Amino acid sequence: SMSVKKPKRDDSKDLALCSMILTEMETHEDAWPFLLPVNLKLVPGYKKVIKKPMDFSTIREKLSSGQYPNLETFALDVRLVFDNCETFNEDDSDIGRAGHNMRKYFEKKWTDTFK
């Protein structure tokens, strides 16, 4: 509260570390469905159904331009990518499997780097 603060957690490396994680996600072999924004002209249903599209290139641009205020807003956008993928894709599809694999991969790196 006013004039009463928990001890300062060092966040000075968060930007670099989120960039490293994102690089690892970009280079994963199962990243291909997620590298670029879904083409809203060419994929029926996407525009109406997925209210907040997100992809790794869009996260990279936000990261590089100071549009994440803290490491939690970064994780929210990464998870949005996978939540969108589960909304639109069957679990038993190449893309559906890719999204589960990538979510697992991300959540481990996240825990190991920050928790």
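Rule-based calculations on the coordinates, nothing more; no lab input. Cβ sites come from the backbone with ideal geometry, for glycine too, and all protein chains shown count toward neighbours.
Odds and ends about this structure:
- As a length-normalised measure over Cα pairs under 8 Å and 6 or more apart, the relative contact order of the chain settles at 29 percent.
- For the chain: rounded, prolate or oblate by the Cα gyration tensor [a/c cutoff 1.5]: prolate
- Considering only alpha-carbon pairs that sit under 8 angstrom and 6 or more positions apart, the relative contact order computed for the range 56-110 is 25 percent.
- Cβ charges +1 (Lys, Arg) and -1 (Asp, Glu), total dipole of the range 45-115, debye: 220 debye
- Residue-averaged 222 nm ellipticity for the chain, from DSSP H runs of 4+ at -39500 (n - 2.57), nearest 500: -18500 deg cm²/dmol
- The range 30-115: chymotrypsin sites (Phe, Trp or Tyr not before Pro) in DSSP coil with no more than 13 other Cβ atoms inside 10 Å: none
- With 20 Å as the limit, the listed pairs 41/62; 5/108; 62/104; 13/62 have 41/62; 5/108; 62/104 beyond it between alpha carbons.
- Two tests apply to each whole DSSP H helix in the chain, Cα reach of 15 Å or more along its axis and mean Kyte-Doolittle hydropathy of at least -0.5, and the ones passing both are 14-27, 71-88.
- Under the combined filter of DSSP loop state and at most 16 neighbouring Cβ atoms within 10 Å, the range 2-105 retains these trypsin sites (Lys or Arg not before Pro): 5, 8, 9, 13, 41, 51.
- Cα gyration tensor shape of the range 1-46, rounded if a/c is under 1.5, else prolate or oblate by comparing a/b with b/c: oblate
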